[PDB]
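First the structure, in the form of structure tokens, and then the observations on it.
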Amino acid sequence: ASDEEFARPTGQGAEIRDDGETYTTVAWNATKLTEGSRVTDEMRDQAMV
Amino acid sequence: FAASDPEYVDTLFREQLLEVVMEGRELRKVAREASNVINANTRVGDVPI
Ligand SMILES: [Mg+2]
Ligand SMILES: [Mg+2]
Ligand SMILES: [Mg+2]
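Chains as they are written, first to last, in PDB author numbering: chain AG, 150 to 198; chain AA, 101 to 149.
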């Protein structure tokens, strides 16, 4: 969203004027982070941990 | 010839295949009866004497 502004000093019976929210955007591009580990079956079985 | 089985051996019939497959060399398996089988928790270990 656009930064906040201030409402306007207005006469009685006078038109309420427009200062609408103007918009922009920021892009995301999510990078894949990966880590693996390999263990032998013998190691997986024998570990105390 | 006239009609002979060595002419039509793959055309009028198919050679018999005997349903029993003949076993090759079978080695004598005795270690499990002929020793004490230890089901170990590790690949490398020691036994107290
Ligand atoms: Mg007007
Ligand atoms: Mg403005
Ligand atoms: Mg040892």
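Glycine residues also receive a C-beta, built at the ideal position from the N, C-alpha and C atoms.
Short CB-CB distance (under 9 Å) between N136 of chain AA and chain AG
no
Start-to-end residues for the alpha helix (DSSP H) that takes in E154 of chain AG:
No alpha helix (DSSP H) contains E154 of chain AG, which DSSP labels as neither H nor E.
Taking Cβ-Cβ distances shorter than 8 Å, what residues in chain AA pair up with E191 of chain AG?
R143
Shortest alpha-carbon distance to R157 of chain AG belongs to which of AG:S151, AG:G169 and AG:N178?
AG:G169
Three-state secondary structure (DSSP) at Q116 of chain AA?
coil
Within the same chain, show all residues whose beta-carbon is closer than 7 Å to that of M197 of chain AG, passing over the 5 residues directly before and after it, in chain order.
The beta carbon of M197 of chain AG is closer than 7 Å to none in its chain, skipping five residues each way along the sequence.
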